[PDB]
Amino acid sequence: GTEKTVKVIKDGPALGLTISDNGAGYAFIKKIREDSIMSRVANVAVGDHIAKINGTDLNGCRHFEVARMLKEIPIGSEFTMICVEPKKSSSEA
């Protein structure tokens, strides 16, 4: 449930994301391509749910709708995204 605000420059036509969904909830990041725009984004990771793009609420949206919104961003443009991490195990030391 950790929300993260992302600000990205879309310098080419491909961000490096593969986005999926399980039929409900938020779409999520299934893959981030090595050496891509999104691989270089400090606070985004495989498994993150995409909650908003440019302030637009994407709850309930399918992977093709979320990907369409990213693909429609003009090249050269900056954009924001709110990603939410799933609750996964960790260890303290």
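Start at 1 with the first residue shown and count on from there.
Check: According to the deposited model, is the average Cα temperature factor higher in 64-72 or in 23-31?
Finding: According to the entry, 23-31 carries the higher average C-alpha B-factor.
Next item on the list: Please place residue 84 in the lowest, middle or highest third of its chain by C-alpha B factor as given in the entry.
Entry: Highest third.
Checklist line | CA B-factor ranking of residue 58, expressed as a third of its chain | finding: Ranked within chain, residue 58 CA B lands in the middle tercile.
Notebook entry, point to check: Taking the entry's C-alpha B-factors for this chain, is residue 90 in the lowest, middle or highest third?
Noted result: For residue 90, whose C-alpha B-factor we compare with every modelled residue in the chain, the answer is the lowest third.
Margin query: Ranking the modelled residues of this chain by C-alpha B-factor as given in the entry, is residue 42 in the lowest, middle or highest third?
Written below: CA B-factor rank for residue 42: highest third.
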